Amino acid sequence: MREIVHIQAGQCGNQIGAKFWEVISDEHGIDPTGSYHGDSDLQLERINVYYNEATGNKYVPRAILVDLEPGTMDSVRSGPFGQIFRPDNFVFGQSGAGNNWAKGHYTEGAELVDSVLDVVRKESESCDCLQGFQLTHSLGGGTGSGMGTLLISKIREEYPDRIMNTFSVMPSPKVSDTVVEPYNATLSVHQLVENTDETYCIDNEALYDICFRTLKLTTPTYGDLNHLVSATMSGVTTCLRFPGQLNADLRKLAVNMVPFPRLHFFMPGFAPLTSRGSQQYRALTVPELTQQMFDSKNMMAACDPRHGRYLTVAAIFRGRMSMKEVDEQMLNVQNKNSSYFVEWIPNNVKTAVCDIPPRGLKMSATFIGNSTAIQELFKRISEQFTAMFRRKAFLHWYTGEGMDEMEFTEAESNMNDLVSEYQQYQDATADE
Amino acid sequence: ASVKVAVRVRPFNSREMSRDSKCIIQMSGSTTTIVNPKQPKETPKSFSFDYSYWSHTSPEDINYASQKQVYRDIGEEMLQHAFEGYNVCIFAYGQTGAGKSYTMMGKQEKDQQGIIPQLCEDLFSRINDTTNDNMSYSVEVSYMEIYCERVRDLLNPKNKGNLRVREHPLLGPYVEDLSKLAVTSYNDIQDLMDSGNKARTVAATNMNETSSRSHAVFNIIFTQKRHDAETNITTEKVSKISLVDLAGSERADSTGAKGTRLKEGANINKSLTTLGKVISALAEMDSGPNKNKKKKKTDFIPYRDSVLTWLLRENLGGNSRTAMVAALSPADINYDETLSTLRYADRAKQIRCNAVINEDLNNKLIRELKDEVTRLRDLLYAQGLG
Amino acid sequence: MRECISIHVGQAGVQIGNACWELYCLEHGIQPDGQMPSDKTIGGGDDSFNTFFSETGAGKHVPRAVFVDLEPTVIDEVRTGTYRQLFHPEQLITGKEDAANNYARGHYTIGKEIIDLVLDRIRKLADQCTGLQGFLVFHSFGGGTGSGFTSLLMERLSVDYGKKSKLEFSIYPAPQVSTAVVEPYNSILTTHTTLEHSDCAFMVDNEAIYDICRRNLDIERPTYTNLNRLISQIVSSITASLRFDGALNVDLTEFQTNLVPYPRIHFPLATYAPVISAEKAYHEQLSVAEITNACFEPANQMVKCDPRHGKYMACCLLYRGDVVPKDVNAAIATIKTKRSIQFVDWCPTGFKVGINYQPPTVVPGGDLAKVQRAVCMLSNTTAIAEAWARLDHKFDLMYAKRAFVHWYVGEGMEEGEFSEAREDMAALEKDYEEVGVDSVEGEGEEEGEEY
Amino acid sequence: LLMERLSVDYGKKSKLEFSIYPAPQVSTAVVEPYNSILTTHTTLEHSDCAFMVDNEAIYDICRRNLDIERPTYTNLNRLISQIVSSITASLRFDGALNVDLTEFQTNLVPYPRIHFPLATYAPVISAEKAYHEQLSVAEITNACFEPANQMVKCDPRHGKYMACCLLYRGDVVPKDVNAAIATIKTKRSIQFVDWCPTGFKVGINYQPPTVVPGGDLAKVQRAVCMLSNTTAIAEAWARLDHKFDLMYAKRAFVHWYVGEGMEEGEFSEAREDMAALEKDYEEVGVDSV
Ligand SMILES: CC(=O)O[C@H]1C(=O)[C@@]2(C)[C@H]([C@H](OC(=O)c3ccccc3)[C@]3(O)C[C@H](OC(=O)[C@H](O)[C@@H](NC(=O)c4ccccc4)c4ccccc4)C(C)=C1C3(C)C)[C@]1(OC(C)=O)CO[C@@H]1C[C@@H]2O
Ligand SMILES: Nc1nc2c(ncn2[C@@H]2O[C@H](COP(=O)(O)OP(=O)(O)OP(=O)(O)O)[C@@H](O)[C@H]2O)c(=O)[nH]1
Ligand SMILES: Nc1ncnc2c1ncn2[C@@H]1O[C@H](COP(=O)(O)OP(=O)(O)NP(=O)(O)O)[C@@H](O)[C@H]1O
Ligand SMILES: Nc1nc2c(ncn2[C@@H]2O[C@H](COP(=O)(O)OP(=O)(O)O)[C@@H](O)[C@H]2O)c(=O)[nH]1
Ligand SMILES: [Mg+2]
Ligand SMILES: [Mg+2]
């Protein structure tokens, strides 16, 4: 058995986690009250991956909810699936960080971190064989970024063996919602690249582009973005819960996607996306899934993959299909797009297949890319960071909470080392 | 300032003498040859290093390199190069049970004193001898370990916590909150050194009865001051001596490790592989560059991949003069491992360092400007221009 | 429990507080008598929010207000007015003469012997409060008790409480319009206190509000009631984040984090976009783009200063009603593509965004039209110095001949206070001029590879 | 681990391995070369006879012969099951020439370290194409040696046939088998090493092959499995070897391996070992003079 402990920090993390739990409960046929009303027998085969069984044949998610503002907690409780969660796991305080990373990491979060770690320890010790943790939050925010980094560091100290995943929403070129996004993003990226095994980069701009262009939604909201992120989250972990012709664990993905320890930032994607009213025209098949997979516009990280090279990608398909077809399609993608893959990793495409598709789709698939183009995002943040650190634009609010210019300087230096690392394998021509 | 490379072959132990007892290392001048017992017909491949030590036969005088000889040949001029002011580094290398601690630490209870004690004796003897009214000296010491990607202090009293690693923007990586203590007598630094050695984590394995479970760095900082009120200044020169004892690479089948021992060996192997990658690079980079002549493109050596290489960033390259000492196990069974060490040892010769003394530009700029004024004045007055 | 304390000082502050408390009572459904028929009709709820009103066992709700003034008349109107039962019986009135447009009289002579009583109630409220968020101080420059007493109260509050945010709402003298001769002296004198102790000061000008009322609202003859209602709407939009749910909620600490690059530049302007009459409510879409564009128009600013003469240091938009992030993102991009709106190069982001679901309410008998969407903008810019410069000029014209100084020095002050205040204001203006300068011309030293 | 411990415990008993080798082109993991090259010590020291099958070869066989445009792992597994059943049918059912595992291994491993024969199955044909073809003994015997029908992506014409063993099932008479072997020896495209004048081993079993319900293979009276030790397999090993070097130059993906107790140098040792097996398959070819 391999079970995951889920943690949610910040407003964005809490919203995405609520939608994700809704999606998972629908997939496993769990009612909002916790009872089971499914049809297939495979739903309860691996329910313990994400749930704990209670006395009255109920199932409680293994979620841990964290924030420094009661408003988000009240929003989750006053919702369609508010009653599913264990009330004792609602760990929260007051006087939130207020978009200040120093408050989230050092001043305010340092007190609630003990309670959150106590709940994490209690939940983890009850597992039969823990697999890893997954944390959902936003890097450009306040309490979310700071306390997420703090919890990641503490848990990594506590449980070095287990795999760590993170679903991070990061700033954007155009879509800006807070003024101090570069500071929080820089410090969060420092802590993340230090102390994680996997990190899926999400962007609001890319999700809005997918909504407007692919899904043709006239009025997208945060619900649709959370829906897309939840679909990706379910796709990543589909293989642990259901049987397949070729299984794939999170550890296997980490081994096959991380060539060097510091390169663990990923570009997620999902297929199919049809917009409704065009499903009748489109023919669903593995070539169509792959073509939508490798399209530049389908990525959620707001990076053009054609501005770099793919270090390594992984496709996880769900639904009945032929292995010859998927292997051939991956080969054609590699051969035709010969200039977008590194020449020193032959067959840098991982393939996994599962026989249990989503509830309403005959076939589905998810994509995890690791390419050099992600450097752009970091570079962009670095530029903005410099534009405020040269003059100390908003610095005092941090230094009043127990910080110093040295910490910012080393964070920026670490980001520069990261972007140089990524840039090394972009130019072609090298070796035997 | 190229990295000096020295190699040393040790005598047999209980494990090899119980099993087959045929040596495979030949040594002559500045050349060391390793033969393949499995392929005796093949060429006896040989490698050239600066300094080669044959400690096989202790009582005999036929090319026997005692610890006094080793220190006089490497630690003496490394200590000299510290005396001008360059930051100097020594670091040990090889496979497990090869004799890295024996080369660096040695046995404190006998005349066979390692590199660190005899560098200490030479330092203290010289500073006591050369003390003057104006000339004066200060010495400060520290000693830390890397156990499993965690920095711990050994001279400090019992502190269960782990020290943090920071990056000063100008001075590079360093360790925060390190219990760095002073010294005024040889006996005091001997006591600190004994305490640090006792604090080190050591466990027994099949390959070695007392195996190092952690990397360690002994760090002296040595300040020379001029107490001349007329012209000179205090803290006129500073040097940093960094003596590094690395843990050896291990094989699970031969070591027989289980549980915590296996995890420790795995972490040590990860750190050693990262260091090898840095070495190959450092070497490889110089190689490429000189090989042709130039073209920019300094690429990037993965220094952040491990704490070991990160802390030793300035010692592996840049502002330091560094010496590698490699330990060889003479037994045939270790042959492949020995070859690997020698191979990486060869790459360690190609690394070039950009060593600078240090001085103090805040005052050395003033001194240089005054000297330039004096030179120009003397030239003008001698030629009748002024 | 996001609980704040509203302090009102002086006649202007008291009338503003009357308008504001009318607005909050209408918003939360609390009747004047203080009771709440909404809960009785429904059965219960959190509409009796702790943010402004404290509940007692009898179902009565009392505001967390502290009205202060030296004239009996202005608050004796309140005690005999419609809202007599709403407030606590204590109202903190000095049965004595007024400060007489004299900073020294309001700060040194008569401000004492009342500051104790006032601070004691400001405690009985703080102790009753839990998780206090901040103070909202309402007053006006140019007045005696509106300058001296507020200065003393802010000094004592900084000494006692310290770390709590202290937002300031105040009325600055207009360039042309005035209602007293000694306004420059009081306004310059209080500048030290509003610079050192206040954490963020929102400033309004009566001429700008009159212009907005004349043009947008088609009110040819406005009075103080309409201006007070506009300021009340501003404050309601500011505080609506910590009362009602929303997609993006902005607390006071985030205001301080975003709108204050440095400690001494905490003087942002404010504006309200959909100021429009009922007759003109039709023939308009009032979309997010329209209100966002209207926020940046020079004519709609609530202080008589031109943003085009300076650069924007920071901006914070608070939207209310049917707003979804696609339109605010598009509007922000559209504003960023315009040339007339200049931003400091050292603040590339330059925008804080908050969205709330609760739409604005309409005061019965008012003049604002009912709308589906609204936005309140706060804007920290360098144009404000111009206004200060004008004020500074007036002060010299009255200080060259020491006119009206014998009144001030006869209550405790000396000329050194005047000189210190003028020098402090000059230093503040110099800081505003310096920070608005671009970043160092690209320090492109053109180092060729390695040194 | 299991092969090592079985060799220590039992030792003398025969140990047959059936494995799926990495393909030249398609694969479902990026670290396949590392595992494949590290398994060389297992497959060479302890296994007495190791058979290797390539997924692309079986895909092409299914596409061309069985007319399955979209095969999956079920068909590949069924073909492998048919191969193993053909191998082991002698131990179960009576026959004219029964081939035991000991004599099977004796005549297929000329030397200890060349125990890596290819496998192929002749009567792979669909129900529709089962008609219109006699499927006589000569047809299947010729079909075994076709490069198109091989189960590994390696051309036999690029090497030499060291040894061969034909196991027939069903209505087969020795006369037809002898005639087919003579016809194959007459052909010149099939080259045999000079030091093996006999070359062919023959076994016959009376039990015909069975047809799984819901399967794809047609019902055939006759069948044969050809198991051939040849030097062409070296090429199939060299391609993979190249990949390993291209992944080992920069030490890609090595930290995962060395973080679980494994030493870095084991990669190079395995590489030198596989280098040896290749040279030996090269040396054993060169004809005598
Ligand atoms: C005509 C038809 O077949 O109906 C589809 C549909 O029209 C389309 C357009 C659906 C539809 O999705 C959307 O409209 C949508 C909007 C914003 C963000 C994401 C989706 C659909 O709503 C979504 C819904 O999807 C599911 O049921 C999946 O199992 C999905 N479930 C949920 O997201 C979910 C919804 C409510 C509660 C709990 C879960 C899922 C996907 C991956 C992993 C787990 C679950 C389906 C069948 C449809 C509708 C209903 C129109 C699409 O969604 C997916 C991922 O299935 C959007 O493009 C796909 C492809 C479909 O053709
Ligand atoms: N917007 C607005 N401004 C007002 C109102 N009442 C007074 N003011 C302003 O207040 C200024 C005069 O100073 P005040 O603060 O009223 O003086 P005070 O509060 O009575 O204090 P004293 O002068 O000591 O009696 C004038 O310039 C007015 O513009 C009002 O109801 N609304
Ligand atoms: N020339 C020598 N003469 C006598 N004993 C020696 C000699 N060289 C090494 N030894 C002994 O060999 C043993 C192993 O040496 P040691 O230096 O402790 O291994 P190591 O370098 O620390 N490898 P590690 O296990 O990673 O710490 C010690 O007991 C030494 O005293
Ligand atoms: N996709 C998505 N993003 C969100 C949502 N809510 C907030 N965000 C993003 O989160 C960022 C603000 O961070 P925030 O959650 O307030 O930080 P926190 O206060 O520490 O939790 C903004 O840039 C938003 O784009 C949501 O529901 N969905
Ligand atoms: Mg040692
Ligand atoms: Mg008055």
# chains A, B, ... in the order shown; residues from 1 in each chain; ligands from 1
$ select_by_dssp --residues "region 34-143 of chain D" --states "strand (DSSP E)" --output "ChimeraX atom specification"
/D:49-54,118-121
$ write_last_selection --atoms "N, CA and C atoms" --output "PDB file, in the first residue's frame"
ATOM      1  N   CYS D  49      20.898 -20.615 -19.954  1.00  0.00           N
ATOM      2  CA  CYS D  49      20.425 -20.333 -21.308  1.00  0.00           C
ATOM      3  C   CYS D  49      19.392 -19.224 -21.226  1.00  0.00           C
ATOM      4  N   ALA D  50      19.692 -18.080 -21.837  1.00  0.00           N
ATOM      5  CA  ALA D  50      18.852 -16.891 -21.763  1.00  0.00           C
ATOM      6  C   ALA D  50      18.280 -16.589 -23.140  1.00  0.00           C
ATOM      7  N   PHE D  51      16.955 -16.554 -23.230  1.00  0.00           N
ATOM      8  CA  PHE D  51      16.247 -16.187 -24.446  1.00  0.00           C
ATOM      9  C   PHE D  51      15.774 -14.746 -24.325  1.00  0.00           C
ATOM     10  N   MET D  52      15.884 -13.999 -25.421  1.00  0.00           N
ATOM     11  CA  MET D  52      15.524 -12.589 -25.456  1.00  0.00           C
ATOM     12  C   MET D  52      14.537 -12.346 -26.585  1.00  0.00           C
ATOM     13  N   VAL D  53      13.516 -11.538 -26.297  1.00  0.00           N
ATOM     14  CA  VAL D  53      12.484 -11.171 -27.259  1.00  0.00           C
ATOM     15  C   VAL D  53      12.364  -9.655 -27.276  1.00  0.00           C
ATOM     16  N   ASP D  54      12.178  -9.096 -28.467  1.00  0.00           N
ATOM     17  CA  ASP D  54      12.035  -7.660 -28.663  1.00  0.00           C
ATOM     18  C   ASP D  54      10.576  -7.331 -28.945  1.00  0.00           C
ATOM     19  N   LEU D 118      18.435 -16.910 -30.174  1.00  0.00           N
ATOM     20  CA  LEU D 118      17.194 -16.320 -30.654  1.00  0.00           C
ATOM     21  C   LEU D 118      16.118 -17.390 -30.800  1.00  0.00           C
ATOM     22  N   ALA D 119      14.865 -16.934 -30.841  1.00  0.00           N
ATOM     23  CA  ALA D 119      13.699 -17.799 -30.944  1.00  0.00           C
ATOM     24  C   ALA D 119      12.787 -17.301 -32.054  1.00  0.00           C
ATOM     25  N   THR D 120      12.088 -18.233 -32.702  1.00  0.00           N
ATOM     26  CA  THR D 120      11.092 -17.842 -33.690  1.00  0.00           C
ATOM     27  C   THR D 120      10.073 -18.958 -33.867  1.00  0.00           C
ATOM     28  N   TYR D 121       8.862 -18.558 -34.258  1.00  0.00           N
ATOM     29  CA  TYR D 121       7.713 -19.439 -34.415  1.00  0.00           C
ATOM     30  C   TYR D 121       7.165 -19.271 -35.825  1.00  0.00           C
TER      31      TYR D 121
END
$ interface_residues --of "chain B" --to "chain C" --cutoff "12 Å" --atoms "only C-alpha atoms" --output "compact mmCIF listing (two decimals) with C-alpha atoms, in the first residue's frame"
# COMPACT_ATOMS: atom_id res chain seq x y z
CA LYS B 295 36.70 31.66 -26.41
CA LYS B 296 34.99 32.53 -23.06
CA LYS B 297 32.08 30.22 -22.04
CA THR B 298 33.02 29.22 -18.44
$ interface_residues --of "chain B" --to "chain A" --cutoff "8 Å" --atoms "only C-alpha atoms" --output "list in words"
residues 166, 167, 168, 169, 299, 300, 302 and 305 of chain B
$ interface_residues --of "chain D" --to "chain A" --cutoff "8 Å" --atoms "only C-alpha atoms" --output "list in words"
residues 25, 26, 27, 28, 29, 30, 31, 59, 70, 71, 72, 73, 243, 246, 247, 252, 253, 254, 255 and 256 of chain D
$ residues_around --residues "region 383-396 of chain C" --least-positions-apart "3" --cutoff "9 Å" --atoms "only C-alpha atoms" --output "PDB file with N, CA and C atoms, in the first residue's frame"
ATOM      1  N   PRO C 173      -6.446  71.750   3.351  1.00  0.00           N
ATOM      2  CA  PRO C 173      -6.910  73.027   2.791  1.00  0.00           C
ATOM      3  C   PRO C 173      -6.872  73.010   1.271  1.00  0.00           C
ATOM      4  N   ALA C 174      -7.861  73.656   0.662  1.00  0.00           N
ATOM      5  CA  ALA C 174      -7.929  73.728  -0.786  1.00  0.00           C
ATOM      6  C   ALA C 174      -6.989  74.810  -1.308  1.00  0.00           C
ATOM      7  N   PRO C 175      -6.650  74.780  -2.602  1.00  0.00           N
ATOM      8  CA  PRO C 175      -5.787  75.850  -3.135  1.00  0.00           C
ATOM      9  C   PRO C 175      -6.420  77.228  -3.051  1.00  0.00           C
ATOM     10  N   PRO C 184      -3.088  77.685   7.207  1.00  0.00           N
ATOM     11  CA  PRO C 184      -1.714  77.227   6.938  1.00  0.00           C
ATOM     12  C   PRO C 184      -0.901  76.946   8.188  1.00  0.00           C
ATOM     13  N   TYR C 185      -1.049  77.763   9.234  1.00  0.00           N
ATOM     14  CA  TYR C 185      -0.272  77.548  10.451  1.00  0.00           C
ATOM     15  C   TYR C 185      -0.612  76.207  11.086  1.00  0.00           C
ATOM     16  N   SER C 187      -2.122  73.591   9.717  1.00  0.00           N
ATOM     17  CA  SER C 187      -1.826  72.478   8.824  1.00  0.00           C
ATOM     18  C   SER C 187      -0.334  72.173   8.786  1.00  0.00           C
ATOM     19  N   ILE C 188       0.510  73.205   8.778  1.00  0.00           N
ATOM     20  CA  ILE C 188       1.950  72.976   8.794  1.00  0.00           C
ATOM     21  C   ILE C 188       2.390  72.454  10.155  1.00  0.00           C
ATOM     22  N   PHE C 267       1.306  58.653   2.077  1.00  0.00           N
ATOM     23  CA  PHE C 267       0.286  59.664   1.785  1.00  0.00           C
ATOM     24  C   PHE C 267      -0.365  59.375   0.437  1.00  0.00           C
ATOM     25  N   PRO C 268      -1.226  58.362   0.362  1.00  0.00           N
ATOM     26  CA  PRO C 268      -1.905  58.053  -0.899  1.00  0.00           C
ATOM     27  C   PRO C 268      -3.197  58.830  -1.107  1.00  0.00           C
ATOM     28  N   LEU C 269      -3.462  59.135  -2.376  1.00  0.00           N
ATOM     29  CA  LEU C 269      -4.732  59.702  -2.798  1.00  0.00           C
ATOM     30  C   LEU C 269      -5.790  58.606  -2.896  1.00  0.00           C
ATOM     31  N   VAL C 303      -8.450  65.062  -4.764  1.00  0.00           N
ATOM     32  CA  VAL C 303      -7.553  66.123  -4.326  1.00  0.00           C
ATOM     33  C   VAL C 303      -7.126  66.900  -5.562  1.00  0.00           C
ATOM     34  N   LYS C 304      -7.104  68.228  -5.450  1.00  0.00           N
ATOM     35  CA  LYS C 304      -6.832  69.092  -6.598  1.00  0.00           C
ATOM     36  C   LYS C 304      -5.346  69.013  -6.934  1.00  0.00           C
ATOM     37  N   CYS C 305      -4.970  67.909  -7.576  1.00  0.00           N
ATOM     38  CA  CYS C 305      -3.615  67.707  -8.060  1.00  0.00           C
ATOM     39  C   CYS C 305      -3.684  66.888  -9.338  1.00  0.00           C
ATOM     40  N   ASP C 306      -2.708  67.108 -10.221  1.00  0.00           N
ATOM     41  CA  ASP C 306      -2.687  66.464 -11.525  1.00  0.00           C
ATOM     42  C   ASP C 306      -1.750  65.264 -11.477  1.00  0.00           C
ATOM     43  N   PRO C 307      -2.235  64.021 -11.596  1.00  0.00           N
ATOM     44  CA  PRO C 307      -1.298  62.886 -11.629  1.00  0.00           C
ATOM     45  C   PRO C 307      -0.356  62.908 -12.818  1.00  0.00           C
ATOM     46  N   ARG C 308      -0.728  63.569 -13.917  1.00  0.00           N
ATOM     47  CA  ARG C 308       0.130  63.599 -15.096  1.00  0.00           C
ATOM     48  C   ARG C 308       1.433  64.350 -14.852  1.00  0.00           C
ATOM     49  N   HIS C 309       1.497  65.190 -13.821  1.00  0.00           N
ATOM     50  CA  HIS C 309       2.719  65.907 -13.481  1.00  0.00           C
ATOM     51  C   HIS C 309       3.685  65.078 -12.643  1.00  0.00           C
ATOM     52  N   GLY C 310       3.335  63.838 -12.300  1.00  0.00           N
ATOM     53  CA  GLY C 310       4.188  62.988 -11.499  1.00  0.00           C
ATOM     54  C   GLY C 310       4.040  61.543 -11.919  1.00  0.00           C
ATOM     55  N   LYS C 311       4.717  60.666 -11.182  1.00  0.00           N
ATOM     56  CA  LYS C 311       4.760  59.241 -11.470  1.00  0.00           C
ATOM     57  C   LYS C 311       4.068  58.459 -10.361  1.00  0.00           C
ATOM     58  N   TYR C 312       3.436  57.355 -10.748  1.00  0.00           N
ATOM     59  CA  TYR C 312       2.708  56.515  -9.807  1.00  0.00           C
ATOM     60  C   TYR C 312       3.676  55.565  -9.113  1.00  0.00           C
ATOM     61  N   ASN C 380      -0.749  55.893  -4.413  1.00  0.00           N
ATOM     62  CA  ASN C 380       0.432  56.558  -3.878  1.00  0.00           C
ATOM     63  C   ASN C 380       1.258  57.058  -5.057  1.00  0.00           C
ATOM     64  N   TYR C 399       4.314  84.041   7.576  1.00  0.00           N
ATOM     65  CA  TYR C 399       5.365  83.961   8.585  1.00  0.00           C
ATOM     66  C   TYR C 399       6.469  84.988   8.382  1.00  0.00           C
ATOM     67  N   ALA C 400       6.526  85.641   7.220  1.00  0.00           N
ATOM     68  CA  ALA C 400       7.528  86.679   7.014  1.00  0.00           C
ATOM     69  C   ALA C 400       7.311  87.857   7.954  1.00  0.00           C
ATOM     70  N   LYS C 401       6.058  88.129   8.323  1.00  0.00           N
ATOM     71  CA  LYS C 401       5.701  89.257   9.174  1.00  0.00           C
ATOM     72  C   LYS C 401       5.192  88.829  10.547  1.00  0.00           C
ATOM     73  N   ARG C 422       8.274  73.833   9.547  1.00  0.00           N
ATOM     74  CA  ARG C 422       8.572  74.189   8.163  1.00  0.00           C
ATOM     75  C   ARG C 422       9.738  73.367   7.626  1.00  0.00           C
ATOM     76  N   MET C 425       8.564  69.824   6.905  1.00  0.00           N
ATOM     77  CA  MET C 425       7.779  69.753   5.677  1.00  0.00           C
ATOM     78  C   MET C 425       8.674  69.868   4.448  1.00  0.00           C
ATOM     79  N   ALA C 426       9.688  70.735   4.509  1.00  0.00           N
ATOM     80  CA  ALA C 426      10.630  70.843   3.399  1.00  0.00           C
ATOM     81  C   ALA C 426      11.384  69.535   3.192  1.00  0.00           C
ATOM     82  N   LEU C 428      10.268  66.538   3.937  1.00  0.00           N
ATOM     83  CA  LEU C 428       9.323  65.597   3.343  1.00  0.00           C
ATOM     84  C   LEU C 428       9.168  65.847   1.848  1.00  0.00           C
ATOM     85  N   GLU C 429       9.073  67.118   1.451  1.00  0.00           N
ATOM     86  CA  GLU C 429       8.964  67.438   0.031  1.00  0.00           C
ATOM     87  C   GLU C 429      10.216  67.010  -0.726  1.00  0.00           C
ATOM     88  N   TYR C 432      10.032  63.282  -1.243  1.00  0.00           N
ATOM     89  CA  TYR C 432       9.100  62.951  -2.317  1.00  0.00           C
ATOM     90  C   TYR C 432       9.702  63.247  -3.683  1.00  0.00           C
ATOM     91  N   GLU C 433      10.428  64.358  -3.804  1.00  0.00           N
ATOM     92  CA  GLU C 433      11.087  64.665  -5.069  1.00  0.00           C
ATOM     93  C   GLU C 433      12.156  63.630  -5.395  1.00  0.00           C
TER      94      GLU C 433
END
$ interface_residues --of "chain C" --to "chain A" --cutoff "6 Å" --atoms "only C-alpha atoms" --output "short mmCIF file (atom, residue, chain, number, x, y, z; two decimals) with N, CA, C and O atoms, in the first residue's frame"
data_model
loop_
_atom_site.label_atom_id
_atom_site.label_comp_id
_atom_site.auth_asym_id
_atom_site.auth_seq_id
_atom_site.Cartn_x
_atom_site.Cartn_y
_atom_site.Cartn_z
N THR C 253 -3.35 45.32 6.92
CA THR C 253 -1.92 45.04 6.86
C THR C 253 -1.43 44.95 5.42
O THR C 253 -0.31 45.37 5.11
N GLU C 254 -2.28 44.44 4.52
CA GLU C 254 -1.88 44.37 3.12
C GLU C 254 -1.90 45.75 2.46
O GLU C 254 -1.07 46.02 1.58
N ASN C 258 1.47 47.14 0.67
CA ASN C 258 1.49 47.45 -0.75
C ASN C 258 1.65 48.94 -1.04
O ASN C 258 2.37 49.31 -1.98
N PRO C 261 5.94 52.16 0.08
CA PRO C 261 7.30 51.69 -0.24
C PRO C 261 8.33 52.00 0.83
O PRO C 261 9.20 51.17 1.12
N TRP C 346 11.13 51.38 -10.80
CA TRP C 346 11.51 50.47 -9.72
C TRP C 346 10.32 49.74 -9.10
O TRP C 346 10.49 49.07 -8.08
N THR C 349 5.51 45.79 -10.95
CA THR C 349 4.16 45.27 -10.79
C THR C 349 3.14 46.40 -10.72
O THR C 349 2.29 46.53 -11.60
N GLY C 350 3.23 47.23 -9.69
CA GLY C 350 2.51 48.48 -9.64
C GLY C 350 1.03 48.40 -9.38
O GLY C 350 0.35 49.43 -9.48
N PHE C 351 0.48 47.23 -9.07
CA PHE C 351 -0.95 47.09 -8.85
C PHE C 351 -1.25 46.06 -7.77
O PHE C 351 -0.66 44.97 -7.76
N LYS C 352 -2.14 46.42 -6.86
CA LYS C 352 -2.77 45.51 -5.91
C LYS C 352 -4.25 45.44 -6.26
O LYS C 352 -4.88 46.46 -6.55
N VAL C 353 -4.81 44.23 -6.24
CA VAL C 353 -6.18 43.98 -6.68
C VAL C 353 -6.93 43.26 -5.58
O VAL C 353 -6.42 42.29 -5.01
#
$ residues_around --residues "residue 185 (chain A)" --least-positions-apart "2" --cutoff "8 Å" --atoms "only C-alpha atoms" --output "PyMOL selection string"
chain A and resi 139-140+170-171+181-183+187-189+381
$ write_last_selection --atoms "C-alpha atoms" --output "compact mmCIF listing (two decimals), in the first residue's frame"
# COMPACT_ATOMS: atom_id res chain seq x y z
CA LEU A 139 4.38 31.38 -4.27
CA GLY A 140 3.49 35.03 -4.83
CA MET A 170 3.60 31.40 -9.48
CA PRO A 171 3.46 35.01 -10.76
CA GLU A 181 5.13 39.18 -5.86
CA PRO A 182 8.83 39.10 -6.90
CA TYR A 183 10.09 39.07 -3.30
CA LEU A 187 12.36 33.42 -1.47
CA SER A 188 9.84 30.65 -2.18
CA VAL A 189 11.86 29.42 -5.16
CA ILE A 381 11.16 37.07 -11.68
$ interface_residues --of "chain B" --to "chain D" --cutoff "9 Å" --atoms "only C-alpha atoms" --output "ChimeraX atom specification"
/B:249-252,257,262-270,273-274,277,336-337,340
$ atom_distance --atom1 "atom 13 (C, counted along the ligand's line) of ligand 1" --atom2 "CA of residue 203 (chain A)"
18.7 Å
$ residues_near_ligand --ligand "ligand 2" --cutoff "6 Å" --atoms "only C-alpha atoms and all ligand atoms" --output "PyMOL selection string"
chain C and resi 10-12+15+98-101+140+142-146+178-179+206+224+227-228
